[PDB]
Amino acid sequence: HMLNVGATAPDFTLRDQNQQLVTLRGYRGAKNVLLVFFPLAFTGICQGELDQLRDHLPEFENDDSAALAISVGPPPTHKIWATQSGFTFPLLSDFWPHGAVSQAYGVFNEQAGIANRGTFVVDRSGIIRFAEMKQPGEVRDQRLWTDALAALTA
């Protein structure tokens, strides 16, 4: 099942949309990390969620916080989507092995082969301090994300 608050966040090294390696442990001791798992690029609900993250980026990518969007797509998919959508934050490929990081966080839909709408905040110690999992057909409330992030600055 989904990892809950108090668990150590599984570490990972994934390619971003520009093929650079991004590792979760690299933020430890420096920033709180918002992990935004999403099902599929070029779909309507995903578009809306990541458009909203784009529109409010300074709340998620600053001196205290970092945001990483994760899905099973490979980098060329995430690159074209990011370019066409104006996304400048990292989109990470859980592509091969397929959904392995999703599976480690307990947010992989084993029937569909896609991550659910899982969201986590990982504190500077690497412990999960916010956890949620919505289904692909549901929409998340991003005020919950900013509120969790805010509580780990002060």
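Heads up: residue numbers just count along the shown sequence, starting at 1.
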Notebook entry, point to check: Hey, which bit's got the bigger mean C-alpha B factor in the entry, 55-63 or 84-92?
Noted result: 55-63
Notebook entry, point to check: With respect to the C-alpha temperature factors reported in the PDB entry, which of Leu50, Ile127, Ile114, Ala30 ranks highest?
Noted result: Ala30
Item checked: Third of the chain, ranked by Cα B-factor, where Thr119 sits -> lowest
Next item on the list: Would you mind ranking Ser102 by its C-alpha B-factor against the rest of the chain and naming the third, lowest, middle or highest?
Entry: lowest
Next item on the list: Could you tell me which third, lowest, middle or highest, the C-alpha B-factor of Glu132 occupies within its chain?
Entry: lowest
Item checked: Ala9 CA temperature factor, ranked by third within the chain -> lowest
Next item on the list: Determine, from the deposited record, the chain-internal third of the Cα B-factor for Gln17: lowest, middle or highest.
Entry: lowest
